[PDB]
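We begin with a single chain expressed as structure tokens, specifically the form solved without the ligand.
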């Protein structure tokens, strides 16, 4: 037998392939449950998305689905299945089925001490995933511990491409105090000053923040708002050099930085006295104020800290990069319909 499976007085219509549900959380803009995949005979995660009333959530839903169905990588979360109605008129929701991952690095960090071996392995897998992402001309733009999933053997997978964009360094520049929606604590300094976050260097900064967080179990730059985020960064990195200021042409941004009291660099080894010296060398090169001087993903992978794992032939790049920048919600619904048709019985 079957019906329209309910969860918490809530339509969670995923059968017949997915049975014995269990409510988890309120996700991003939908309920998330776990369920037993009767084909693969293992439990899975299913997210309910209801985006069709809003052009905005249509675009984010289509982009995420496009990106995750295009990408195929061990260190990036895959879409196993997409459940929706057989007709556009009847499609009100979409269910995205993914591997059930047992935890994530945010949860892990608040509960568990990480060994240096764990920090190394996690960092390796983050950058391995990121190399692929970046090779597809895509920026994640929201890397943080909660977007790094882990299973019980510490396999790590990057998730949540909600804010992801095709790279666009020619259109990165903007004015001072430009609004930006990614999570504060992992935003690069240039986002507050002169950058829309359209270059690969914004993701490396986030990885740097994540590394620091793995070393101490707490966020390195927990800014309480826009400019406090920046005062946090400069209290550790120290005031930017004249050279670095000269790369900021925008006068509001440059004059802001010049108005601040001088701050001296805090040595990494004093912030993290138990950390591996090679980890601190690599941390230093990712958390560089100047985005142009910031280490690249490939260089990070080649750094001595990761030498036990480094294997470029086993660090794949994307077959089919997103060549270009990727419209009413009615069109986006049809686009979502078309993009998800491959999962329909047939």
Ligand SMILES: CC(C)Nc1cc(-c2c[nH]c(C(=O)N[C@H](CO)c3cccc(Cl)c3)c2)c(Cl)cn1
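For the two forms, the rigid core is made up of the largest set of C-alpha atoms that agree within 1.5 Å on superposition. Residue numbers count along the first chain shown, from 1.
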* **Between neighbours residue 327 and residue 326, residues that the deposited sequence lists but the model omits** => 4 to 9
* Looking at the deposited entry, does 329 to 337 or 15 to 23 carry the larger mean Cα B-factor? -> 15 to 23
* So 124 to 132 or 88 to 96, which one's hotter by mean CA B-factor in the entry? -> 88 to 96
* Structure fact -> Residue set 269, 246, 112, 103, per-entry CA B-factor max assigned to 246
* Which one of 228, 172, 190, 160 shows the top CA temperature factor in the record? -> 228
* To do: Can you work out whether the C-alpha temperature factor of residue 75 puts it in the lowest, middle or highest third of the chain?
  => lowest
* **Assigned third (lowest, middle, highest) for the C-alpha B factor of residue 255** => middle
* When the modelled residues of the chain are sorted by Cα temperature factor, does residue 40 land in the lowest, middle or highest third? -> highest
* To do: Name the third of the chain's ranked CA B-factors that contains residue 140, choosing lowest, middle or highest.
  => lowest
* Should residue 68 be placed in the lowest, middle or highest third of its chain by the C-alpha B factor in the entry? -> lowest
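Not on display, but discussed next: the form solved in complex with the ligand.
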* If we take the ligand as it sits in the deposited complex and superpose the C-alphas round its site onto this chain, is the site open or blocked, where blocked means 3 or more ligand atoms come within 2.4 Å of a backbone or C-beta atom? -> blocked
* To do: For the three residues 331, 339 and 344, verify that every one has a non-hydrogen atom within 4.5 Å of the ligand in the deposited complex; reply yes or no.
  => no
* Hey, of 198 to 206, 96 to 104, 227 to 235, 258 to 266, which bit sits against the ligand in the deposited complex at 4.5 Å between non-hydrogen atoms? -> 96 to 104
* Structure fact -> None of 297, 283, 67, 31 but one has a heavy atom within 4.5 Å of the ligand in the deposited complex; the exception is 31
* Asked: Should residue 24 be counted as a contact of the ligand in the deposited complex, where contact means heavy atoms within 4.5 Å?
  -> yes
* Just to confirm, residue 47 within 4.5 Å of the ligand in the deposited complex by heavy atoms? -> yes
* Could you confirm whether residue 149 comes within 4.5 Å of the ligand in the deposited complex, counting heavy atoms only? => yes
* **Non-hydrogen atom contact residue 159 with the ligand in the deposited complex at 4.5 angstroms** => yes
* Asked: Relative to the superposed core, which single residue of 26, 281, 307, 314 shows a CA shift of 2 Å or more between this form and the one not shown?
  -> 26
* Asked: How does the C-alpha distance between residue 8 and residue 146 change in the deposited complex compared with the present structure, closer or farther, given a change of 3 angstroms or more?
  -> closer
